[PDB]
Amino acid sequence: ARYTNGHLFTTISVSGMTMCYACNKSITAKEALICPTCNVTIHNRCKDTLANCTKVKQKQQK
Amino acid sequence: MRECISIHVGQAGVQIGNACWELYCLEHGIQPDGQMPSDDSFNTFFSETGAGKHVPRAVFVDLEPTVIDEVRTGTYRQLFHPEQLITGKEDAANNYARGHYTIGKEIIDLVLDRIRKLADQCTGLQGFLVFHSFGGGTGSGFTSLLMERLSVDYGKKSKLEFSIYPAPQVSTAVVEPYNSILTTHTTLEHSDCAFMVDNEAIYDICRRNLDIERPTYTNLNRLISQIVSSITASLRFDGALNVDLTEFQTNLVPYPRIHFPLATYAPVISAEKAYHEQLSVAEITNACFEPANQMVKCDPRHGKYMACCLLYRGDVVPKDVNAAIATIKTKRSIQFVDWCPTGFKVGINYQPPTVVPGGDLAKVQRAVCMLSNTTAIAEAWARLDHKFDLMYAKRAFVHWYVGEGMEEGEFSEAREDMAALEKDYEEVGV
Amino acid sequence: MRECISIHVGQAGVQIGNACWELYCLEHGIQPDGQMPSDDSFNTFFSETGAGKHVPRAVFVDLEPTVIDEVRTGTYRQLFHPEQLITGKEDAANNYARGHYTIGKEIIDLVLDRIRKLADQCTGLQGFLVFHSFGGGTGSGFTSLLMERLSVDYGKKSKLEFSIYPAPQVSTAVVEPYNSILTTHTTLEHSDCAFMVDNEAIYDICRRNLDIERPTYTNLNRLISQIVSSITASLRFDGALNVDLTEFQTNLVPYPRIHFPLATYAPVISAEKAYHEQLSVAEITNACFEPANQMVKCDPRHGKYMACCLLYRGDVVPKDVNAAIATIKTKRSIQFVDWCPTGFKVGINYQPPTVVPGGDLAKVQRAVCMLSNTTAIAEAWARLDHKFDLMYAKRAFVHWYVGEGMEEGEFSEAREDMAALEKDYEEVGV
Amino acid sequence: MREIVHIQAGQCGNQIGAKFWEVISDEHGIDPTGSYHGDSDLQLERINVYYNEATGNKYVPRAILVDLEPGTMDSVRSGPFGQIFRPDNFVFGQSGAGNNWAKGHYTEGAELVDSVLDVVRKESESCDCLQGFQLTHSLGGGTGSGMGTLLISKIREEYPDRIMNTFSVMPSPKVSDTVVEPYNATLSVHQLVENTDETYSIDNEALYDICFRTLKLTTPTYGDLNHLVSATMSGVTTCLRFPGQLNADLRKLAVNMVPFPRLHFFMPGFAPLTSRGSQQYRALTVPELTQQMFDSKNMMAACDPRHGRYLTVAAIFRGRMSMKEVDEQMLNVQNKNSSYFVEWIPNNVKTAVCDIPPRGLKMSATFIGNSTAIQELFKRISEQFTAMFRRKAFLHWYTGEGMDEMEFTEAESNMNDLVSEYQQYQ
Amino acid sequence: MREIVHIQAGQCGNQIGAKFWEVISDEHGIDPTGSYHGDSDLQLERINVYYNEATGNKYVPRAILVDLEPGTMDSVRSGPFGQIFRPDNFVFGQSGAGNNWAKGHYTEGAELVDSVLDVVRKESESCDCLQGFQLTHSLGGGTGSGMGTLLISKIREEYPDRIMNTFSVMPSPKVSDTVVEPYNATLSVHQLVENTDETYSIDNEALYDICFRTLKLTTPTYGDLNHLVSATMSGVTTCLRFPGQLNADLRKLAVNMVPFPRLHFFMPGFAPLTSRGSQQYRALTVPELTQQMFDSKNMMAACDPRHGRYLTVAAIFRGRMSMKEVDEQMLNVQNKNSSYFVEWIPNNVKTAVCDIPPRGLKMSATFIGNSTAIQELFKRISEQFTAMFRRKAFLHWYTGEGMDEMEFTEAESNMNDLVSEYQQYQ
Ligand SMILES: CC(=O)O[C@H]1C(=O)[C@@]2(C)[C@H]([C@H](OC(=O)c3ccccc3)[C@]3(O)C[C@H](OC(=O)[C@H](O)[C@@H](NC(=O)c4ccccc4)c4ccccc4)C(C)=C1C3(C)C)[C@]1(OC(C)=O)CO[C@@H]1C[C@@H]2O
Ligand SMILES: CC(=O)O[C@H]1C(=O)[C@@]2(C)[C@H]([C@H](OC(=O)c3ccccc3)[C@]3(O)C[C@H](OC(=O)[C@H](O)[C@@H](NC(=O)c4ccccc4)c4ccccc4)C(C)=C1C3(C)C)[C@]1(OC(C)=O)CO[C@@H]1C[C@@H]2O
Ligand SMILES: Nc1nc2c(ncn2[C@@H]2O[C@H](COP(=O)(O)OP(=O)(O)OP(=O)(O)O)[C@@H](O)[C@H]2O)c(=O)[nH]1
Ligand SMILES: Nc1nc2c(ncn2[C@@H]2O[C@H](COP(=O)(O)OP(=O)(O)OP(=O)(O)O)[C@@H](O)[C@H]2O)c(=O)[nH]1
Ligand SMILES: Nc1nc2c(ncn2[C@@H]2O[C@H](COP(=O)(O)OP(=O)(O)O)[C@@H](O)[C@H]2O)c(=O)[nH]1
Ligand SMILES: Nc1nc2c(ncn2[C@@H]2O[C@H](COP(=O)(O)OP(=O)(O)O)[C@@H](O)[C@H]2O)c(=O)[nH]1
Ligand SMILES: [Mg+2]
Ligand SMILES: [Mg+2]
Ligand SMILES: [Zn+2]
Ligand SMILES: [Zn+2]
């Protein structure tokens with residue numbers, strides 16, 4: 001299906017104060033991606049810039 | 001002649017039916033209390049009595065009384081036959097084992113009795129329109145219990161289903177994966193074509209197109225009713241290409257087990273937006289193939305279309321359907337499998353879509369309902385079984401099931417079966 | 001047939017479009033609400049919907065909601081399609097990086113969808129009418145983002161672009177040179193005919209001819225709208241010499257990159273003045289060639305004319321035109337390049353100019369719009385890059401740009417690229 | 001149609017039950033006399049759930065009042081709503097418990113249990129479809145902590161299949177009012193873990209915290225604490241008394257909230273809760289409610305849930321709201337606070353919605369949470385008991401009633417088993 | 001839509017802010033009670049910028065009030081527009097700062113900051129699209145100079161990309177009211193230079209000068225000074241609340257005004273300003289309002305601009321005027337006074353124009369100037385600091401809260417760095 005860096009990205013309805021996982025900026029639109037394993041959210045414009053799933057999820061476990 | 005039996009199970013199915021018969025009464029001009037002021041267009045769904053009263057061909061069942069107590073008190077109290085509104089005593093409590101083995105056991109013999117009485121009034125019965133929810137305790141257990149009997153008593157008759165399917169992120173119960181995984185055996189063995197539907201997809205559609213920020217469940221029901229009305233329009237009305245209910249399955253289903261098509265409707269549009277565009281046949285045809293308009297949260301681009309039925313209704317000319325389908329074919333985004341060079345079934349009906357007076361959906365001279373057997377829906381199952389695997393690894397909530405007369409191994413035997421189904425949709429994708 | 005898509009970007013572009021669509025609706029007799037009380041003259045700019053309503057072929061985009069919110073509340077609320085009026089969340093803040101890389105990247109996929117749906121309606125599309133400002137953050141970043149996408153999606157179609165350009169003395173922002181020098185890549189690589197205009201020249205025009213001491217931006221927009229209406233007049237109306245949108249470029253553009261003609265209009269005059277003077281063809285033809293009537297503050301005598309397009313509209317006859325250009329050649333002031341002995345493209349249209357009722361432009365039987373590729377415009381670049389060099393020498397304002405995903409080196413590559421363009425406009429001058 | 005048998009035990013149980021009947025008779029529009037005076041038909045549609053109809057159009061609550069001292073019966077009977085209860089349902093002895101668990105379980109309450117069950121059987125027999133039992137008591141003291149568990153054992157034996165629902169006010173250290181609470185608590189939890197199907201742990205310190213830091217009452221009395229508990233009491237059973245878009249029976253709650261057989265001790269809460277002087281400024285909409293629920297201050301146990309993770313949460317909304325908003329807020333809560341939910345359950349939030357909000361509120365919502373942080377409440381009591389039992393302090397009063405030290409040791413062993421089980425999945 | 005979170009700290013900040021709300025609510029047509037009563041729809045179009053909607057159409061100012069003494073809260077709450085604010089945002093301790101920066105930053109304010117950030121987070125979460133922060137404080141004393149900078153550091157850490165906008169009343173030699181002002185100012189600006197994006201320097205001496213030699217007020221009180229400051233407060237945020245011919249967002253102002261990252265300390269001003277007995281004689285035409293703008297007597301800081309040159313100036317007009325007249329007049333000012341502008345920036349003047357003038361005025365305009373001459377204000381305070389620190393006077397009060405002389409040395413070193421940077425270009 002989709003493994004650009006190595007995980008799923010499915011649409012989520014985004015609200016309130018949020019931040020990209022790569023830009024570390026704020027998302028303005030009401031759309032966002034989300035990996036159910038990595039538990040992140042991105043602009044829809046930084047999908048290829050992230051690391052692979054293994055990197056991000058092993059990072060998330062600090 | 002050309003009758004259909006519409007059974008409604010679970011709260012979701014019962015409320016969808018409450019919307020659906022509301023739509024039909026407006027369609028055929030029948031009053032909410034069952035009379036008809038002034039063709040046999042109503043003969044498919046309504047049986048006629050000597051007093052001028054049209055009684056629906058429906059059976060409402062729920063093991064708890066609340067929803068059917070509401071319908072027995074609502075505006076449509078006078079529409080239904082009193083003894084086809086069947087109620088139990090104990091709520092299924094979101095448990096497949098209760099709905100199938102213990103509490104749904106008692107009420108099944110009366111439900112099949114009423115179905116038999118409805119059937120005996122038919123001259124040319126064609127199939128069944130079962131409405132239920134995958135997550136619900138009654139919506140899984142009772143539908144399995146009922147279908148195991150229906151497949152042996154009326155085996156030849158086709159059986160069409162309309163199912164609300166668990167979503168990626170939206171979820172209203174914790175054991176939804178178990179309940180769906182147990183409903184899979186019914187939908188595999190004793191079914192012919194079942195239509196998945198997802199709440200979050202319609203939520204996003206209503207947010208984007210209808211411009212309502214926060215809809216209730218009635219809005220979802222008023223679109224699912226529109227879809228089923230579009231399916232049955234060829235059966236209730238005249239048309240250029242009337243699609244029979246068995247012709248329908250013969251086009252949709254390539255293999256015995258591959259029968260889980262997506263459904264979508266167009267033009268889903270508000271009343272304010274509609275004044276500023278034309279809604280030609282080409283535009284509405286292109287609308288169905290966007291990911292923005294699918295009623296299941298899955299990307300069609302990640303799979304291959306296998307078979308698409310376009311049911312046009314209203315002021316549609318077949319020239320336009322031809323030109324639209326050619327335009328669809330030239331696109332390299334909409335990919336079909338190599339072994340189905342034909343692809344598209346087309347039906348055209350002369351009845352425009354009816355707007356519910358309190359509804360939001362605009363009036364349009366045309367409508368197209370697109371149903372697509374496609375491989376992308378496999379990813380919708382690859383989601384849900386992965387939700388199961390985490391829980392059964394811990395034997396998380398199993399004691400409630402096993403405690404109510406269920407065998408433990410049925411879990412594994414269920415998980416195996418979907419592993420065969422999810423394989424097959426990939427296996428035919430080559 | 002013969003359609004054009006009008007995209008308006010930035011506050012300046014949006015307000016110019018507000019003037020332009022006000023000028024077109026009166027020219028074709030369309031009410032502000034889109035209806036037509038009573039010939040396919042409007043077909044180029046307006047799409048016609050079965051209710052008898054004309055919807056303009058336009059896309060309004062601004063990354064801050066203010067200006068388009070005024071458009072959505074003003075008198076032309078009912079004219080535009082509500083969904084093609086696109087608004088973002090955050091202001092570009094006069095920053096090329098914010099418009100191009102950071103904020104506009106979210107809305108580009110929506111504006112391209114709007115443009116695609118507009119194009120799918122168009123049967124005989126020719127090109128694009130992009131209105132924007134070089135000084136603005138949106139008007140520089142978003143146009144750069146959008147033109148690159150259009151040049152790959154619709155590479156064959158023409159792309160006419162209309163611009164407000166920084167002036168010698170008058171200016172409203174500090175980093176206008178940065179935005180302009182960054183926009184120069186877009187104009188060079190993905191455009192075919194960009195029409196420079198500046199505020200100071202039109203101000204001086206209103207002071208001298210229209211006898212208004214202190215006008216607003218609306219007065220300038222009511223002249224820019226007149227210029228573009230004169231350009232499209234050959235397309236929307238019958239004429240003796242109808243100039244096609246591609247023929248127009250074929251006569252204007254001698255080399256791939258020399259595509260920045262000046263524009264001017266005549267007779268710009270007040271209602272009081274015109275009664276005292278005749279305004280025959282010869283005098284208006286002369287009126288185009290003085291330094292006073294240029295819309296960019298440069299002296300045409302300093303640069304050799306390369307190509308001129310005289311678009312006459314109204315009660316004009318070819319005899320008088322040929323007589324007037326005979327004198328314009330006879331002059332020693334209206335100089336020309338040795339290698340273009342034809343020089344003058346002529347178009348004639350039978351429709352007189354339309355006067356807006358609240359405007360301060362007089363009614364006149366004849367009008368002429370002169371659009372001239374000439375070397376003198378190089379001086380205008382020799383101005384603005386010198387404004388860049390002082391600031392970029394200190395890295396005066398750079399940290400805002402680099403803070404929003406912009407590579408520092410792209411500044412030098414921009415300054416390099418303009419050094420090639422100003423060379424070219426000089427290199428052909430020998 | 002899904003009837004509930006209510007039982008009061010002990011002073012605290014009797015008081016909270018009396019306030020519960022206050023609240024729900026107000027909901028159903030029942031007069032102090034027992035005569036219906038409500039406005040809507042939905043009040044009377046499911047009146048059989050909590051009341052028995054009797055002639056003259058009177059409604060007697062299906063409540064059983066048990067206490068080993070006549071003082072509490074004289075208090076409730078002379079109270080604002082004392083007259084409603086059936087005089088046959090007042091079962092009481094004379095000599096009090098003396099804050100002794102063994103007195104309640106073996107000597108004083110063992111005589112009266114035979115009378116209590118013979119009444120509870122009558123109310124079960126008059127019922128059309130009994131669903132479960134709704135008991136009120138306290139694990140401190142001797143009457144509730146022992147006698148309510150004895151009655152729990154007997155009812156579990158007689159009705160093995162019905163749901164059993166208990167609401168317990170339990171001891172906290174800083175607000176302790178009796179010396180021997182650890183003994184009674186460790187002896188009562190040993191039964192509650194085994195027989196009861198759910199248990200809603202209520203702590204006085206947390207309700208005082210609600211009264212002070214959220215409500216801003218200057219002098220909160222026990223009546224206000226009982227009001228707060230009765231709010232969630234009426235909240236949880238709302239789905240089987242009014243219509244709704246998502247109906248959740250108590251068994252429906254039990255199936256989704258109880259993963260393993262013994263991890264059923266829940267932490268309740270209520271929203272909205274605002275001071276009188278500040279309600280004019282707030283927007284009651286669903287996002288603000290959802291913010292107010294999952295705040296650690298709003299919950300009714302001293303456990304700060306950030307020291308653990310939720311196995312399951314249940315939000316029972318009442319009022320008119322769109323389902324999209326409710327599900328969106330429930331999704332954002334668990335995904336923004338993903339560290340505080342167990343990741344071996346993919347979805348942790350159950351949602352139910354009813355169309356009748358409380359009288360005076362356009363919307364309300366009851367929070368239930370099964371969290372591992374409850375172990376801290378179950379840890380500290382065990383740490384208290386070890387302080388006393390190590391030196392056998394005050395074991396003479398308990399051993400005089402025939403009780404043994406091996407029972408205390410087994411009770412604490414079961415306590416450590418339960419706290420270990422709650423710790424295992426954290 | 002470009003929502004702004006406002007915060008008040010210290011007595012001076014709370015006062016000038018309590019005034020800001022009275023003046024910005026005058027431009028919004030909001031009743032003292034919080035009910036809308038304005039004339040035009042344009043007032044209500046962008047009410048969300050500085051307020052939150054609540055039931056009954058009551059608009060509550062998105063404002064956080066912070067102070068270490070209850071007295072200022074008592075005065076503001078009992079003040080004219082006191083009841084408009086939310087009671088919950090009144091976050092305050094008991095013991096005052098005692099005009100000590102260390103108490104504000106380390107000991108007393110460090111306790112309360114955990115409370116203030118949680119309310120700021122609530123306001124930020126309720127917002128649709130937040131743009132930046134609008135803090136009012138004074139660099140004198142201990143409450144403002146310490147706690148405002150602590151809060152700025154925290155918010156800058158939590159919201160790195162949002163604008164931070166402070167308005168600073170800062171010391172002057174001849175109008176000093178506290179002995180330890182230089183220490184507090186030196187420790188506060190050492191934070192402001194690093195964290196803030198736009199800091200507007202205000203001085204009481206210049207405010208008195210405007211009151212005396214422009215307004216001809218005989219007895220100007222502190223209320224008049226707060227009025228004068230609040231004029232520019234309302235002026236700068238005009239473009240994102242009303243329609244205009246040239247819209248200038250605060251980020252647009254920042255992108256145009258701040259050449260290098262640390263040279264962002266601006267000098268405000270306002271026009272027109274006339275005595276009540278002489279307004280009948282003036283013509284309010286653009287040139288006349290702009291004639292007063294660039295007069296050295298009209299700006300709000302003691303720095304006479306004639307000892308320096310302007311990096312950038314921003315003129316935000318309000319009312320109906322022609323664009324050509326505006327452009328001519330700004331060209332003439334910077335051409336005839338070319339010696340007072342840096343030549344390495346070719347154009348120094350940003351112009352913004354709003355279509356809606358202030359109530360009661362036909363025309364108005366707000367002036368911002370980033371001038372090198374501001375160094376004289378940062379120089380003189382340092383010259384005071386070096387007077388005391390060289391003999392360690394009053395240092396025991398600061399080291400008693402855990403502070404060190406090394407911090408004072410780095411604060412002074414950073415001050416010298418800032419003044420050197422401002423001087424390097426002049
Ligand atoms: C205008 C207005 O807002 O009035 C409210 C009110 O001011 C507030 C503060 C009420 C008020 O509650 C309290 O003051 C209170 C004090 C101690 C303990 C518990 C409550 C109220 O008394 C409580 C009362 O609640 C009800 O009527 C509910 O139906 C409640 N029943 C009772 O309180 C009740 C009282 C006497 C006799 C019988 C019932 C209920 C709660 C849960 C389930 C079913 C019913 C209401 C509307 C209010 C007042 C009157 C001020 C609050 O109560 C509830 C449960 O909503 C406390 O915070 C909430 C939020 C409300 O805004
Ligand atoms: C007939 C006439 O000319 O009346 C004027 C006036 O006389 C003068 C002197 C006013 C007047 O201002 C003062 O007296 C004053 C005194 C001390 C400090 C500041 C002002 C006026 O009070 C001030 C008042 O201004 C406003 O209403 C503005 O909207 C202002 N808002 C407030 O002053 C205000 C007062 C109370 C409560 C709420 C708001 C404003 C300024 C900037 C941004 C937004 C709003 C006006 C028109 C006048 C009077 C009434 C005499 C002046 O004020 C302004 C900002 O216009 C002071 O010099 C100007 C020029 C005016 O000519
Ligand atoms: N679109 C839509 N979905 C509904 C509706 N009502 C319930 N559902 C869906 O049905 C799913 C849950 O199934 P249940 O409501 O438990 O169905 P049930 O058969 O009554 O289950 P039991 O109560 O245990 O017997 C959820 O995904 C709900 O979203 C409705 O009115 N409209
Ligand atoms: N003739 C005319 N020029 C305008 C108008 N509005 C703005 N401008 C000119 O446009 C230049 C500034 O460009 P901007 O207004 O910043 O364009 P923008 O895209 O909205 O800028 P951002 O908000 O940062 O995206 C200036 O030279 C103005 O003179 C107008 O209405 N008419
Ligand atoms: N919220 C509340 N708590 C009470 C009430 N009465 C007693 N309590 C508390 O709950 C505990 C119950 O103890 P108690 O019932 O008196 O002992 P018992 O009679 O032997 O069961 C007391 O220690 C008190 O801390 C009450 O009316 N309301
Ligand atoms: N414009 C204005 N200045 C004030 C006001 N009150 C005090 N000031 C001045 O600003 C400075 C603030 O000092 P202060 O607030 O008392 O110290 P803090 O409370 O510890 O922050 C004083 O020294 C005064 O010079 C006021 O109400 N308005
Ligand atoms: Mg159900
Ligand atoms: Mg703009
Ligand atoms: Zn990003
Ligand atoms: Zn991943």
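For this deposited structure, the header notes the method as electron microscopy, 3.4 Å.
Each residue, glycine too, has its Cβ placed from N, Cα and C.
Features as listed in Swiss-Prot:
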- D:1-4: motif 'MREI motif' (MOTIF)
- D:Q11, D:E69, D:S138, D:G142, D:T143, D:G144, D:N204, D:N226: GTP binding site (BINDING)
- D:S40: phosphoserine (MOD_RES)
- D:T55: phosphothreonine (MOD_RES)
- D:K58: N6-acetyllysine (MOD_RES)
- D:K58: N6-succinyllysine (MOD_RES)
- D:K58: ubiquitin cross-link (CROSSLNK)
- D:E69: Mg(2+) binding site (BINDING)
- D:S172: phosphoserine (MOD_RES)
- D:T285: phosphothreonine (MOD_RES)
- D:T290: phosphothreonine (MOD_RES)
- D:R318: omega-N-methylarginine (MOD_RES)
- D:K324: ubiquitin cross-link (CROSSLNK)
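Structure with Swiss-Prot features highlighted.
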{"residue": "D:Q11", "record": "GTP binding site", "Cβ within 10 Å": "22"}
{"residue": "D:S40", "record": "phosphoserine", "Cβ within 10 Å": "11"}
{"residue": "D:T55", "record": "phosphothreonine", "Cβ within 10 Å": "5"}
{"residue": "D:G142", "record": "GTP binding site", "Cβ within 10 Å": "28"}
{"residue": "D:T143", "record": "GTP binding site", "Cβ within 10 Å": "32"}
{"residue": "D:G144", "record": "GTP binding site", "Cβ within 10 Å": "31"}
{"residue": "D:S172", "record": "phosphoserine", "Cβ within 10 Å": "19"}
{"residue": "D:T285", "record": "phosphothreonine", "Cβ within 10 Å": "13"}
{"residue": "D:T290", "record": "phosphothreonine", "Cβ within 10 Å": "22"}
{"residue": "D:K324", "record": "ubiquitin cross-link", "Cβ within 10 Å": "26"}
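Farthest C-alpha pair in the GTP-binding residues D:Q11, D:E69, D:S138, D:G142, D:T143, D:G144, D:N204, D:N226: 23 Å apart. Every protein chain shown contributes to the tally, and the Cβ of D:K58 (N6-acetyllysine) ends up with 16 other Cβ atoms within 10 Å. Using a 10 Å radius centred on the Cβ of D:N204 (GTP binding site) and all shown protein chains, the other Cβ atoms total 22.
The least crowded of the binding-site residues D:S138, D:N226, judged by other CB atoms within 10 A of its own CB, is D:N226. Counting every protein chain shown, the Cβ of D:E69 (GTP binding site) has 18 other Cβ atoms within 10 Å. According to DSSP, D:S138 (GTP binding site) sits within a strand segment. Residues from the modified residues list (D:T55, D:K58, D:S172, D:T290, D:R318) with a C-beta closer than 6 Å to any atom of ligand 5: none. In terms of DSSP secondary structure, the motif 'MREI motif' (D:1-4) contains 0 helix, 2 strand, 2 coil.
Listed recorded positions: D:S40, D:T55, D:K58, D:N226. Those with a CB atom under 6 Å from ligand 3: none. The CA atom of D:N226 (GTP binding site) is located 17 Å away from the CA atom of D:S172 (phosphoserine). On its own chain, D:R318 (omega-N-methylarginine) has D:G235, D:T238, D:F242, D:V353, D:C354, D:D355, D:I356, D:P357, D:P358, D:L361, D:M363, D:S364, D:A365, D:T366 as residues at least 6 apart in sequence with a Cβ closer than 8 Å to its own Cβ. Using a CB-CB cutoff of under 8 Å against chain B, the recorded positions that qualify from D:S138, D:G142, D:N226, D:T285, D:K324 are D:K324. Comparing Cα positions, D:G142 (GTP binding site) lies closest to D:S172 out of the recorded positions D:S40, D:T55, D:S172, D:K324.
Taking the C-alpha positions, the distance from D:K58 (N6-acetyllysine) to D:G144 (GTP binding site) comes to 31 Å. Geometry remark: D:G144 (GTP binding site) versus D:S40 (phosphoserine), CA distance 37 Å. With respect to their backbone Cα atoms, D:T285 (phosphothreonine) and D:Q11 (GTP binding site) stand 38 Å from each other. If you take the Cα of D:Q11 (GTP binding site) and the Cα of D:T290 (phosphothreonine), they are about 34 angstrom apart, rounded to a whole number. Separation of the C-alpha atoms of D:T290 (phosphothreonine) and D:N204 (GTP binding site): 24 Å, rounded to the nearest whole number. Across the fold, the C-alpha of D:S172 (phosphoserine) and the C-alpha of D:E69 (GTP binding site) stand 25 Å from each other.
For the pair D:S40 (phosphoserine) and D:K324 (ubiquitin cross-link), the C-alpha distance works out to 28 angstrom.
In three-state terms derived from DSSP, D:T285 (phosphothreonine) belongs to neither a helical nor a strand segment and is classed as coil.
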